[PDB]
Amino acid sequence: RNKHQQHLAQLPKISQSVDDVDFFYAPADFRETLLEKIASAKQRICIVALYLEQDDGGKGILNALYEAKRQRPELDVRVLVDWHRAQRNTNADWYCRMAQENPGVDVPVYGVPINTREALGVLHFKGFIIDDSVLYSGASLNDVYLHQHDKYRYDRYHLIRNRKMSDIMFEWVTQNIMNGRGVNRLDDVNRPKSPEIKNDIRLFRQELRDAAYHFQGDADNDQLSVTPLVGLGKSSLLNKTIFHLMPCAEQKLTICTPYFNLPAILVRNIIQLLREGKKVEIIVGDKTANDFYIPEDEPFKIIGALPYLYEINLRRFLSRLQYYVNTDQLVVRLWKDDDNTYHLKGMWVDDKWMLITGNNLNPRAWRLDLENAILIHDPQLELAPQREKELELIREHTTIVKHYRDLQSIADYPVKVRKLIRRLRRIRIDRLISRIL
Amino acid sequence: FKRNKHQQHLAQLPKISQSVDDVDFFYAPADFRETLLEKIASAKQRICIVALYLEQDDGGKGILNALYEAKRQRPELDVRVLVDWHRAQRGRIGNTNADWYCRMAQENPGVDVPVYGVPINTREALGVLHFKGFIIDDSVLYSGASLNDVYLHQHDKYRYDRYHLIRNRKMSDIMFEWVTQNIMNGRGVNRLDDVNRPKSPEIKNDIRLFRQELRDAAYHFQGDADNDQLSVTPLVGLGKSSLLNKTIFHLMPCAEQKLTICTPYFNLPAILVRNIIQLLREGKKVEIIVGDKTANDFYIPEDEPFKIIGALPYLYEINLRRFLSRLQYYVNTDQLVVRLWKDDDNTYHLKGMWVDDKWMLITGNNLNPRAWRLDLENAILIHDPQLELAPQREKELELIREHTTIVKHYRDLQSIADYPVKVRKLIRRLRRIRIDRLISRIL
Amino acid sequence: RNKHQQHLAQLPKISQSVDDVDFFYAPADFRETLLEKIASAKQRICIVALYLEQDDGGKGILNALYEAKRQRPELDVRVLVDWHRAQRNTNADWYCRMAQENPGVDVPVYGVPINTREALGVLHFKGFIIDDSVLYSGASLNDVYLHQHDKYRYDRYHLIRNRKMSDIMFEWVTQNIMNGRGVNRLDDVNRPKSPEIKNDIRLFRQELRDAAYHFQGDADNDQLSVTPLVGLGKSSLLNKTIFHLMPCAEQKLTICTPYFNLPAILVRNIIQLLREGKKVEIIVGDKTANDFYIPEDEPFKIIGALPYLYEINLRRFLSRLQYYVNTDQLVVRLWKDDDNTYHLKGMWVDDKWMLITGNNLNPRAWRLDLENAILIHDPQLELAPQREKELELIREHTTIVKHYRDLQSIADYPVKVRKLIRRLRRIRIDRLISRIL
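Residue numbers (the authors' numbering), protein chains in the order written: chain F, 7 to 94, 103 to 451; chain J, 5 to 98, 103 to 451; chain A, 7 to 94, 103 to 451.
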């Protein structure tokens, strides 16, 4: 076997029943499922998210957590969010109010700082661990992710009932994050300020640099399996698995990413597949489906240039590989649904592998942020109905790009955008930006 | 200012406001059956069924099938059944309900209808689940009835109880939430639909700790209603110094005109008897509605083979006759009125307390020493200072009384001498060694 | 399936690799393994035993503990023994000297009182927890248990490497015992006397009455598993599992006990098996292999009557079941090897279950003492080589009893013994004795 298949063959794998894997296809279903599982939880609830917002959607979830803990005080309830993101009237201030307005009921909210400054590391670990299940989505908890109030942010939603995996993930969070240096409660009114814990965070980050899941594989490569993965930095096991996964496509590789900004190494893999005669599908958002996109009527801001920069990346990529577009090998899809926003991540390898992850597949995720995933191996095609239904619906709001010219060029962009981008490319800062966002 | 300590107790009870339109009485066990089925079908959020037992008979099957059916049609519906742990795991007096709850769960895979057994004490004789309430969404259908043939008037013979549906978001929440925290998530509660359910001895210590937790578990909520408007006050208690027991004690002396009592087994604790006598002395009226011995479910016709347990109706009659004997003066002044209910071989299971036209206690409480110390009891206290329920209150009392004889003289009740021979011998044996007094404190 | 198999099917079970289960067959190997694991320990050493004796054997172990803590001061070393047993120049006095002669090196020795008086409860919890392994034996730490100096006490010895199980057991000890009321250091010269902590012990014992392992099963009934069990009193989960285990024998049940004194309920089970046509093997010590046995030349003492009382129990049992002896269904073995002593405990159910325990399977263990076990489920026969080798060697020093008459009767006993026993049976105290020892 080639070294790539060998890497995958020798991954530890946890066995998994087909009956214990449930897909959900819409953010509203995901909201309701989360609430349902919170109500019916008996032992533990561990909520890890980038953030939990002080809005109707987020309130819904936090109230459901307090309510479940009131009805079962023995229930082990924990919420972990990003330290920096929660503090920019902030979410952390709101977490404090909630704790005061609900005395007796113990629902701790911890802030995880992955680096001393947000721009240099965020908590992209994903997982709602509820008893023996993991409800895994890229979604944070707010109005749009949960499709409160008529506007939504499209993510993916998988519930996986699996004692062993949930234990591994729950236990990993306990030891490495919750009991880690420089984790600090956000529901404490006296929580430190970032500078005061700066050294704690540095030591913490180093501890995280080689924290990995340790568990023995119980499943061979002829049966349905799941493999949890976690990583921080270039040489994580996750990153290695993502790298080796792509070349194992005997037929076709599919990728979702919100922000098209692939590291060079993943691009090289894509090009190798195309050269070997295989197929590659890439599903990204239209610039208007990006959450930083500012309608052209509203006042333009500096940050509203990001969707344009991601489009420039897509157009440059397509430009170089137009030959493969023409042979129907390379397929690029733009997702767009009025002013809703796109946040799909993942990787499909043929009909056999499905990576579900929080990983945006960009240089940031590759070096700076704490990332994780689950790798589903389905060698018997037992999830085929759901896999196909999920891809069906993902594609439904997509246009296929048949020519790089179908994407707008810098010349077509609004004037303030155009001037900004020309200024940036003059001094070569465009290259730096693509490595930090 | 001033007020007597009894009225003060009632004035300062927390009270939940209640709309007159949201209180529906039902007057017959068959109506109660149909209402229960209707509300099960139309339930949208939750069904919490608490009963002493749910029997493996046509009546009980009807209810359990309707529960499974409603959960099938709405899988998001939160369905729970709670019954007494010990009662569910034995025959009546000679294949248990718990075994049947297991079969049902196996014959209906995918459909999640959990049946929990609540043990109120380590042995049945020392505590049973007399908590009452069918909580369905924002309503409580409150009856003393368990779920079986006679309580539901399946098949032509019935057991008379009382039936009130009260739509009230706050109260139903308080009761649903209290059940969730204190019972369902309590130590020593165990599923009866599990084939591997523990045996009583294995959970004996859990039950002891559970019972102690229950000894001071009470509803906690802020009163939203004054004493000039229609209110409901849920009450719950275990043991002598529960808030329920205190409220029952204080309630009786507030009768400015008349106190009415229903109890199936006439066996009042001495403290409640003393209250009765005080009312009679103050010149007030007291009505007591009990079953004839023949309307008791332990009564064995004199043709059939006599059994030891079939002596209970006689013992309750002896209690009634002793009481009446001492208060015959007040019978004669039309102050004390004792009614015997009797309708062929149907059985009597009315509980409650009316204070004038203003208060109505609906409860599972048999007003006996057992209920006062041993069992987990609850009630709803309806305060109707504006007489808004007067049509229904009066219709209910009308129908209760319909199958009653007034006892004008203690001699109208048979004496021990008149009883069948085996009964007579048993009772004389018991009273010789004074065990009659013990029996009246445990049943 | 019948209620007994159901009980076992629904036990929580931790998965276990066959490579991570090592049997040892001789007390000397056990000594050396313990020393080896103490040297190489990296994180924690938790030694729970009935006692740790002030003799060459015990010194060896305590010195190895001090030495390992000196070389790794971050190592978490704890020793827990029975409070009462350690104080009857005592072991506790010796633990004090050791602590003074080794300043700087922190090796705490805690005394656990299971009841206010020894006769009403002792610490029969067993387990040497070293990092991610448990070395599980019935053995205390002294000359004979460790086969220092030429005379030995036969026990069983299993090393089980398993992160989850060791964590569960380590954590259970931490919370329920070490941090329990009325546990007191024996290396403190000022340790309280029993009467002073009498009330603490009463409350402690009640806390223990429902202390049990709480953990989620990660393993099905088709794979190698281990299930830790712990109990105090009639309705413990251990006792229930022992009760349900015996009827699951489709072929044969094997029992080891040092002191033949089975509770009635376990006897009834045995008789049911015999009636169903199954096989039952019972391996006990000869009276002379009992540690209370006093040679007939030496001065007789009251306590030296116990081996005789256990023999009377065995002879009464066999008497009633001689029919089943004759059909080769019931097999009773007497172990005897010069003046070495017998301390085997356990239960084999067919080839599939192995209970390893400290439980002497007597009324004392059933009500009074704090007991524990590990239940090994081996549905795939992966331990078959080791299981068979262990039973081979256990039986090697055994005689089969073909007739109850082959056991001496009271008439055959020495005169002082005979008089004592007749005195006891006159006033019916024999029945009480069998419930307290």
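The C-beta atom is built at its ideal place from N, Cα and C for all residues, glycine as well.
Exercise for the section: Please confirm if J:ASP107 has its CB atom under 8 Å from at least one CB of chain A. Expected result: Along the second sequence, one-based indexing puts residue 107 of chain J at 99. No, its Cβ sits nowhere closer than 8 Å to a Cβ of chain A.
Practice task
Identify, in the order they occur along the chain, each residue of the same chain with its Cβ nearer than 6 Å to the Cβ of F:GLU295, setting aside the five sequence neighbours on each side.
Solution key: As a first step, residue 295 of chain F is located in the first sequence; it is residue number 281 there, counting from the start. Excluding sequence neighbours, F:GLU295 sits near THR268, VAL345.
Exercise for the section: Find the residues of chain F that neighbour A:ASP232, judging by a C-beta separation of less than 7 Å, and give them in chain order. Expected result: Translated into the one-based positions of the third sequence, residue 232 of chain A becomes position 218. Ordered by position in chain F, the residues that pass the 7 Å Cβ test against A:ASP232 are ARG177, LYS178, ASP181.
Exercise for the section: Can you tell me which of the three DSSP states F:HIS357 falls into? Expected result: As a first step, residue 357 of chain F must be located in the first sequence, where it is residue number 343. Note: F:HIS357 maps to coil in three-state DSSP.
Exercise for the section: Please look up how many angstroms separate the CB atoms of F:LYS301 and F:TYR307, rounded, as I've assumed it's under 8 Å. Expected result: Translated into positions along the first sequence, residue 301 of chain F becomes position 287. Translated into positions along the first sequence, residue 307 of chain F becomes position 293. Your pair F:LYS301 and F:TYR307 checks out as a contact, with CB atoms roughly 6 Å apart and the cut at 8 Å.
Handout entry: Sufficient close CB pairs (3 or more, under 8 Å) joining the stretch 52-66 of chain F to the stretch 74-90 of chain F
Key = Taking 8 Å as the limit for Cβ pairs, the verdict is that the stretch 74-90 of chain F does touch the stretch 52-66 of chain F.
Handout entry: Unbroken alpha helix (DSSP H) run spanning J:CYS110, endpoints
Key = As a working note, residue 110 of chain J is residue 102 in the second sequence. From DSSP, the alpha helix (DSSP H) with J:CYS110 extends over 105-114.
Problem - Closer than 7 Å at the beta carbon, the chain F residues around J:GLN189 - result: The sequence position of residue 189 of chain J within the second sequence is 181, counting from 1. Within chain F, the residues near J:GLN189 are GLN77.
Handout entry: Within chain J, partners of A:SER249 - CB distance below 8 Å
Key = The sequence position of residue 249 of chain A within the third sequence is 235, counting from 1. Near A:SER249 (Cβ distances below 8 Å), the residues of chain J are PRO209, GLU210, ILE211, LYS212, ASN213.
Handout entry: Cα-Cα separation, A:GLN343 to A:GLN49
Key = Against the third sequence, residue 343 of chain A aligns to sequence position 329. Against the third sequence, residue 49 of chain A aligns to sequence position 43. Rounded to the nearest angstrom, the gap between the Cα atoms of A:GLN343 and A:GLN49 is 49 Å.
Practice task
Report yes or no: do three or more beta-carbon pairs, one from the stretch 228-239 of chain F and one from the stretch 317-330 of chain F, lie closer than 8 Å?
Solution key: At 8 Å Cβ cutoff, the stretches do not touch.
Problem - Buried or exposed (CB count within 10 angstroms, at least 16 for buried), A:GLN394 - result: Here residue 394 of chain A refers to the residue found at position 380 of the third sequence. Residue burial annotation: A:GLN394 is exposed, with fewer than 16 other C-beta atoms found within 10 angstroms of its C-beta.
Handout entry: Cβ shell of A:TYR427 (< 8 Å), same chain only, five flanking positions each side left out
Key = For the purposes of this step, residue 427 of chain A is taken as residue 413 along the third sequence, with counting starting at 1. So the list reads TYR322, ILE435, once near-sequence residues are dropped.
Practice task
Please list the segments of the alpha helix (DSSP H) lying wholly inside the stretch 131-187 of chain J, counting only runs of 4 or more residues, in order along the chain.
Solution key: Complete alpha helix (DSSP H) runs here, min 4: 157-160, 177-186.
Exercise for the section: Could you tell me which chain F residues have their CB closer than 9 Å to the CB of A:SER23, listed as they occur along the chain? Expected result: By one-based count along the third sequence, residue 23 of chain A stands at place 17. Contact note: A:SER23 reaches chain F through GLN230, using a C-beta cutoff of 9 Å and chain order.
Handout entry: Own chain partners of J:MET183 with C-beta closer than 7 Å, once the 5 adjacent residues on each side are dropped
Key = As a working mapping, residue 183 of chain J is identified with position 175 in the second sequence. Around J:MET183: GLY141, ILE143, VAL148, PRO242.
Problem - DSSP bridge partner residues for A:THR241 (one or two, in chain order) - result: Locating residue 241 of chain A in the third sequence gives position 227, where the first residue counts as 1. A:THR241 pairs with A:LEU389.
Handout entry: residue 102 of chain F versus F:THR188: straight-line alpha-carbon distance, rounded
Key = For chain F, the structure lists 94 followed at once by 103, and that leaves residue 102 of chain F out of the model.
Problem - Option nearest J:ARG216 by Cα separation, candidates J:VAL126, J:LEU259, J:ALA233 - result: Within the second sequence, numbered from 1, the residue matching residue 216 of chain J stands at position 208. Just measuring C-alpha positions, the residue of J:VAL126, J:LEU259, J:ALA233 sitting nearest J:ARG216 is J:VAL126.
Problem - Bridge-paired residues (DSSP) for F:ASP351 - result: The residue given as residue 351 of chain F occupies position 337 in the first sequence. Per DSSP, F:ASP353.
Exercise for the section: Can you say whether F:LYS19 is buried or exposed, counting buried as having 16 or more other CB atoms within 10 angstroms of its CB? Expected result: Locating residue 19 of chain F in the first sequence gives position 13, counting from the first residue. It is buried - the Cβ of F:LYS19 has at least 16 other Cβ atoms within 10 Å.
Exercise for the section: Check each candidate in J:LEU17, J:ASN304, J:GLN11, J:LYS248 and name the one with the smallest Cα separation from J:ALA278. Expected result: Your numbering for residue 278 of chain J matches position 270 in the second sequence. Considering only alpha carbons, the answer is J:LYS248.
Problem - Test: A:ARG223 CB closer than 8 Å to a CB of chain J - result: Locating residue 223 of chain A in the third sequence gives position 209, where the first residue counts as 1. With its beta carbon less than 8 Å from one in chain J, A:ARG223 belongs to the interface.
Exercise for the section: Give a yes or no on contact between the stretch 11-30 of chain J and the stretch 171-183 of chain J, applying the rule of three or more CB pairs nearer than 8 Å. Expected result: Three or more beta-carbon pairs drawn from the stretch 11-30 of chain J and the stretch 171-183 of chain J are found closer than 8 Å, and the two stretches are therefore classed as touching.
Handout entry: Cβ distance (whole Å) where A:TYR168 is taken to contact A:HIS357 below 8 Å
Key = As a working mapping, residue 168 of chain A is identified with position 154 in the third sequence. As a working mapping, residue 357 of chain A is identified with position 343 in the third sequence. Beta-carbon to beta-carbon, A:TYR168 and A:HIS357 are separated by about 6 Å, close enough to satisfy the 8 Å threshold.
Handout entry: Contacts around A:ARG347, its chain only, beta-carbon distance under 8 Å, and the 5 residues preceding and following it disregarded
Key = Here residue 347 of chain A is taken as the residue at index 333 of the third sequence, counted from 1. Here A:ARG347 has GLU295, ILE296, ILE297, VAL298, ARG409, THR412, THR413, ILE414, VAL415 as same chain residues with Cβ atoms under 8 Å from its own Cβ, once five neighbours each way along the sequence are excluded.
Exercise for the section: Please check if any C-beta of chain J sits within less than 8 Å of the C-beta of A:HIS13. Expected result: Start at 1 with the first residue of the third sequence, and residue 13 of chain A comes out as number 7. Contacts with chain J at 8 Å (Cβ-Cβ) include A:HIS13.
Problem - Inter-residue Cα distance where the pair is A:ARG419 and A:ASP62 - result: For the purposes of this step, residue 419 of chain A is identified with residue 405 of the third sequence, where counting begins at 1. For the purposes of this step, residue 62 of chain A is identified with residue 56 of the third sequence, where counting begins at 1. One Cα belongs to A:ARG419, the other to A:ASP62, and the distance between them is close to 42 Å.
Practice task
For chain A, find out if any of its Cβ atoms is closer than 8 Å to the Cβ of J:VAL363; answer yes or no.
Solution key: As a position in the second sequence, residue 363 of chain J is number 355, starting the count at 1. False, the Cβ-Cβ gap to chain A never drops below 8 Å.
Handout entry: Partner residues on chain A for J:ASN198, Cβ-Cβ distance less than 8 Å
Key = Taking the first residue of the second sequence as 1, we reach residue 198 of chain J at position 190. Near J:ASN198 there are no residues of chain A at all, since even the closest Cβ is about 13 Å away, more than 8 Å.
Handout entry: CB contact below 8 Å: F:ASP300 versus chain A
Key = Working through the first sequence from its first residue, we reach residue 300 of chain F at position 286. Residue-level contact by beta carbon fails for F:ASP300 and chain A, as no gap is shorter than 8 Å.
Practice task
Give me whichever residues DSSP pairs with J:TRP380 in a beta bridge.
Solution key: Counting from one through the second sequence, the residue named residue 380 of chain J turns up at place 372. Beta bridge pairing from DSSP links J:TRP380 with no other residue.
Handout entry: For A:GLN265 and A:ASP364, believed in contact at Cβ under 8 Å, the rounded distance
Key = For the purposes of this step, residue 364 of chain A is taken as the residue at position 350 of the third sequence. For the purposes of this step, residue 265 of chain A is taken as the residue at position 251 of the third sequence. Correct: roughly 5 Å between the Cβ atoms.
Problem - Sub-8 Å separation of J:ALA303 and J:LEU200 beta-carbons - result: Residue mapping note: residue 303 of chain J aligns to position 295 of the second sequence, counting from 1. Residue mapping note: residue 200 of chain J aligns to position 192 of the second sequence, counting from 1. Not closer than 8 Å, so no.
Exercise for the section: Would you please verify whether the beta carbon of J:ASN116 is less than 8 Å from any beta carbon of chain F? Expected result: Taking the second sequence and counting its residues from 1, the one referred to as residue 116 of chain J is at position 108. No, its Cβ sits nowhere closer than 8 Å to a Cβ of chain F.
Exercise for the section: Check whether the Cβ of A:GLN16 lies closer than 8 Å to any Cβ atom in chain J. Expected result: Indexing the third sequence from 1 puts residue 16 of chain A at position 10. Residue contact with chain J for A:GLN16: present (Cβ-Cβ distance below 8 Å to some residue of chain J).
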